[PDB]
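Per the authors' numbering, the sequence shown runs over residues 5 to 31, 36 to 114, 120 to 168, 184 to 352. Just so you know, even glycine gets a beta-carbon here, dropped at the ideal spot from N, CA and C. What follows is a short report on a single structure.
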Amino acid sequence: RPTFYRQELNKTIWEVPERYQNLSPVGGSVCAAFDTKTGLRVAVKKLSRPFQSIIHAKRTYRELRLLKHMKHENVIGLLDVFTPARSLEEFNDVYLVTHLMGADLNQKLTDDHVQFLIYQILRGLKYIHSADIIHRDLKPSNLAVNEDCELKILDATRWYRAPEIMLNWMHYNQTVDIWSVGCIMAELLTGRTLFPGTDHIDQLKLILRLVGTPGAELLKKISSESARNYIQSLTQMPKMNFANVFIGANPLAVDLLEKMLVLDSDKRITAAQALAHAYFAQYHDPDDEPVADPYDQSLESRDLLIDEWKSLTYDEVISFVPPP
Ligand SMILES: CCCCCCCCO[C@@H]1O[C@H](CO)[C@@H](O)[C@H](O)[C@H]1O
Ligand SMILES: CCCCCCCCO[C@@H]1O[C@H](CO)[C@@H](O)[C@H](O)[C@H]1O
Ligand SMILES: CCCCCCCCO[C@@H]1O[C@H](CO)[C@@H](O)[C@H](O)[C@H]1O
Numbered sequence: 005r006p007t008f009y010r011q012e013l014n015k016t017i018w019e020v021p022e023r024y025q026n027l028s029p030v031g036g037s038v039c040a041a042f043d044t045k046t047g048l049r050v051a052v053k054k055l056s057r058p059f060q061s062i063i064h065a066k067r068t069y070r071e072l073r074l075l076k077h078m079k080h081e082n083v084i085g086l087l088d089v090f091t092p093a094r095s096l097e098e099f100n101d102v103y104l105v106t107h108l109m110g111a112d113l114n120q121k122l123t124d125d126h127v128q129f130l131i132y133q134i135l136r137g138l139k140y141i142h143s144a145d146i147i148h149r150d151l152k153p154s155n156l157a158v159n160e161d162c163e164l165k166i167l168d184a185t186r187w188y189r190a191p192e193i194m195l196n197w198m199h200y201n202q203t204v205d206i207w208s209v210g211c212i213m214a215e216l217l218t219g220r221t222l223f224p225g226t227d228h229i230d231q232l233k234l235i236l237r238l239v240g241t242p243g244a245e246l247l248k249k250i251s252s253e254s255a256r257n258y259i260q261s262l263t264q265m266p267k268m269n270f271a272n273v274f275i276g277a278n279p280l281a282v283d284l285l286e287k288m289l290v291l292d293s294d295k296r297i298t299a300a301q302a303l304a305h306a307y308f309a310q311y312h313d314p315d316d317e318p319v320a321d322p323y324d325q326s327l328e329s330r331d332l333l334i335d336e337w338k339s340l341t342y343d344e345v346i347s348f349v350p351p352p
């Protein structure tokens, strides 16, 4: 067990191992710190009220288990997790430690830089998706970069949300995340938000303007009678020429965008397919685009008692093994 020290911070007593020095509030709650053991600048998140209720406790367990699973260069991972508690009976607080990411993606980038950034997002998404996990909220603020432009996917604007999420469809496929990637890529290339909707319905209006209204193949897949009737009450419109939306862009970028931003989610390119697209030729390397171990989301989604979630979470803290 490390020697701990106590200090009042962000108006609560933080108790952390002495290896973590010079904590400073960056806003549960996150503080930047310097890890003297590794020489790393880190973020230390003290979870807020982690076991106050069944819902808090279930959320805490899910967050910790997910972060423990993610072991990929382009996905945020867990450097450390600790509690001052020496037993289950004393266990009230949980602290999560990650790389301190100084910048994110949130005015246009060069094509060579867009290649590199989107490659890394897709490499990370291949890994997430291979664990049967959907991110569901990819956006520039969830994409951290360092001073060598190395990117990590992290963890409320609607500008990057797939249209089926906007319609509360459910049955979401992992290409909801590919829609988001397309929106981000477009914005990096043009320096302008692709679909800057003013409210919920305006977002959908702007989307349909680019991609066109549903065709017959897509209409055939709609179970909702009201949706079906609304769509066939609509005035049919063609897909815009993406070449004209992205004037002067690399033709391979435009092609890839056309393959991401398709209304029908079944027809969107996958992360793995996208990595093999010619746009990424200078980066693609099959030998090093790894997949994840299986992740069991059913362990979440149980209806357990607070003390059961708390004990399971404690076990996950004790079993943590740091990365190299
Ligand atoms: C840290 C690893 C990268 C993130 C991959 C896991 C995606 C996070 O999980 C997401 O977050 C939300 C929780 O509020 C939920 O709406 C969804 O169940 C889920 O898509
Ligand atoms: C998949 C089909 C989605 C159903 C959309 C529900 C209705 C959309 O919104 C409606 O349409 C009109 C045009 O914006 C407006 O008159 C109204 O603001 C609104 O009631
Ligand atoms: C007028 C607005 C229409 C929006 C159409 C969105 C269609 C998204 O695509 C759909 O999404 C689902 C979720 O994975 C799937 O089950 C379908 O097979 C698929 O066609």
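Problem set entry | Beta-carbon proximity of residue 225 to residue 234, cut-off 8 Å | yes
Exercise. Hey, how far is the Cα of residue 276 from the Cα of residue 286?
Worked result: 15 Å
Exercise. Ordered along the chain, which non-local residues of its own chain (more than five positions away) have a Cβ less than 8 Å from that of residue 70?
Worked result: 328
Problem set entry | Terminal residues of the beta strand (DSSP E) in which residue 43 lies | 38–43
For this session: Following the continuous beta strand (DSSP E) through residue 88, name the residue where it begins and the one where it ends.
Result: 88–90
For this session: Could you have a look at residue 112 and say whether DSSP puts it in helix, strand or coil?
Result: strand
For this session: Inspect the beta-carbon positions of residue 307 and residue 284 and report whether they are closer than 8 Å.
Result: yes
For this session: Take the Cβ of residue 262 as the centre, count every other Cβ of all protein chains shown within 10 Å, and call the residue buried at 16 or more, exposed below.
Result: exposed
Problem set entry | Euclidean distance between Cα positions of residue 55 and residue 68 | 8 Å
For this session: Could you tell me which residues DSSP puts in a beta bridge with residue 107?
Result: 50
For this session: Take residue 88 and list the residues in its own chain whose beta-carbon comes closer than 7 Å to its own, dropping the five residues that flank it on each side.
Result: 105 and 350
Exercise. For residue 155, is the classification buried or exposed, using 16 other Cβ atoms within 10 angstroms of its Cβ as the cut-off for buried?
Worked result: buried
Exercise. If we ignore side chains and look at the alpha-carbon of each, how far apart do residue 266 and residue 248 end up?
Worked result: 18 Å
For this session: Compare the beta carbon distance of residue 102 and residue 298 with 8 Å and say whether it is the shorter of the two.
Result: no
Problem set entry | For residue 129, the first and last residue of its enclosing alpha helix (DSSP H) | 124–143
For this session: Over the uninterrupted beta strand (DSSP E) stretch that includes residue 147, give me the two end residues.
Result: Counting along the chain, residue 147 falls outside any beta strand (DSSP E), and DSSP gives it neither H nor E.
Exercise. How is the beta strand (DSSP E) around residue 296 delimited, first residue to last?
Worked result: No beta strand (DSSP E) contains residue 296, which DSSP labels as neither H nor E.
Problem set entry | Between the CA atoms of residue 21 and residue 109 - distance to the nearest angstrom | 21 Å
Exercise. Do the stretch 142–155 and the stretch 184–201 meet, that is, are 3 or more Cβ pairs less than 8 Å apart?
Worked result: yes
Exercise. Any heavy atom of ligand 2 closer than 7 Å to the CB of residue 291?
Worked result: no
Problem set entry | Anticipated Cβ contact below 8 Å, residue 165 with residue 269, distance rounded | Actually they are not in contact, since the Cβ atoms of residue 165 and residue 269 sit about 35 Å apart, beyond 8 Å.
Exercise. DSSP on residue 16, reduced to helix/strand/coil?
Worked result: strand
Problem set entry | Length of the line joining the Cα atoms of residue 254 and residue 288 | 27 Å
Exercise. Taking the alpha helix (DSSP H) that residue 191 falls in, what are its first and last residues?
Worked result: 191–194
Problem set entry | Start and end residues, alpha helix (DSSP H) containing residue 273 | 270–273
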